[PDB]
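What follows is a set of notes on a single structure, which appears directly below.
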Amino acid sequence: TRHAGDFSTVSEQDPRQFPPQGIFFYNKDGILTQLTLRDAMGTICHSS
Amino acid sequence: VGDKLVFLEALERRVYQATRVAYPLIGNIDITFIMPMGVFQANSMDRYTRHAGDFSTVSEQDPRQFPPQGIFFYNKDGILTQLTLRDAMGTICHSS
């Protein structure tokens, strides 16, 4: 991290060390969207 | 204006003057507002803070982790107002 108290949290374990699962980006009009791993269940869960 | 030659009128003294009728072009506009009151983001990754000593307190328990109850917003003239959960006692406590 780049500073000492960057994103502090009351929790004993900071939930920012675990590997991420989703991605966030902007929509066509500027709305927040999300693409988790669950959205890939149509490609990897095939008989192919 | 642009590529035209148009008249410009501000008729207030020739007409609607010293009469009992109001002048048009003074219409109104209705706008609605929406504010959430007691939402609580049930997520460990969203309940964070942007710095180390953001809002320090002498108490042993920071009274900012508990779910809030009211909302704050400005008045028409800039006064602070508050809409607590108690203000909703007239809609949820009905026989409906």
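Identifiers in this document derive from the order of the structure tokens: chains are assigned A, B, ..., residues are numbered from 1 separately in each chain, and ligands are numbered from 1 in order of occurrence.
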Chain A near chain B within 9 Å: what's each residue's closest atom pair and its distance in Å to one decimal, counting only C-alpha atoms, ordered by chain then ascending residue number, as a Markdown table?
| residue | atom | partner | partner_atom | distance |
| --- | --- | --- | --- | --- |
| A:4 | CA | B:52 | CA | 7.8 |
| A:5 | CA | B:52 | CA | 4.4 |
| A:6 | CA | B:51 | CA | 5.4 |
| A:7 | CA | B:50 | CA | 5.2 |
| A:8 | CA | B:49 | CA | 5.5 |
| A:9 | CA | B:48 | CA | 5.0 |
| A:10 | CA | B:48 | CA | 7.5 |
| A:11 | CA | B:44 | CA | 7.8 |
| A:14 | CA | B:45 | CA | 8.2 |
| A:15 | CA | B:45 | CA | 5.9 |
| A:16 | CA | B:45 | CA | 7.4 |
12 Å contact set for stretch 25-33 of chain B, only C-alpha atoms, chain neighbours under 2 positions out, as a PDB file with C-alpha atoms, in the first residue's frame:
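Output (result38.pdb):
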ATOM      1  CA  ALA B  10     -41.908  42.390 -23.093  1.00  0.00           C
ATOM      2  CA  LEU B  11     -45.507  43.557 -22.817  1.00  0.00           C
ATOM      3  CA  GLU B  12     -46.094  44.582 -19.196  1.00  0.00           C
ATOM      4  CA  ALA B  22     -51.903  38.112 -13.585  1.00  0.00           C
ATOM      5  CA  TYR B  23     -49.294  38.075 -16.315  1.00  0.00           C
ATOM      6  CA  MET B  35     -33.911  10.243  -0.208  1.00  0.00           C
ATOM      7  CA  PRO B  36     -33.195   6.930   1.543  1.00  0.00           C
ATOM      8  CA  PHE B  73     -30.672  17.753   4.454  1.00  0.00           C
TER       9      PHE B  73
END
Item to complete: Tell me, as a VMD selection string, which residues lie within 12 Å of stretch 68-71 of chain B, counting only C-alpha atoms; anything in the same chain fewer than 6 positions away does not count.
Response: chain B and resid 34 to 41 80 to 88
Worksheet item: At what distance in Å, to one decimal, does atom CA of residue A:24 lie from atom CA of residue A:36?
Response: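 Going from atom CA of residue A:36 over to atom CA of residue A:24, I get 8.9 Å.
Of note, atom CA of residue A:22 and atom CA of residue A:34 are spaced 6.6 Å apart.
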Worksheet entry | Filtered DSSP result for chain B, state helix (DSSP H, G or I), as number ranges by chain | B: 85-88
Could you please take those selected residues and save C-alpha atoms as a PDB file, in the first residue's frame?
ATOM      1  CA  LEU B  85     -37.521   6.875  11.746  1.00  0.00           C
ATOM      2  CA  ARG B  86     -40.004   8.228  14.295  1.00  0.00           C
ATOM      3  CA  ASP B  87     -41.408  10.472  11.554  1.00  0.00           C
ATOM      4  CA  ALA B  88     -42.730   7.366   9.750  1.00  0.00           C
TER       5      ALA B  88
END
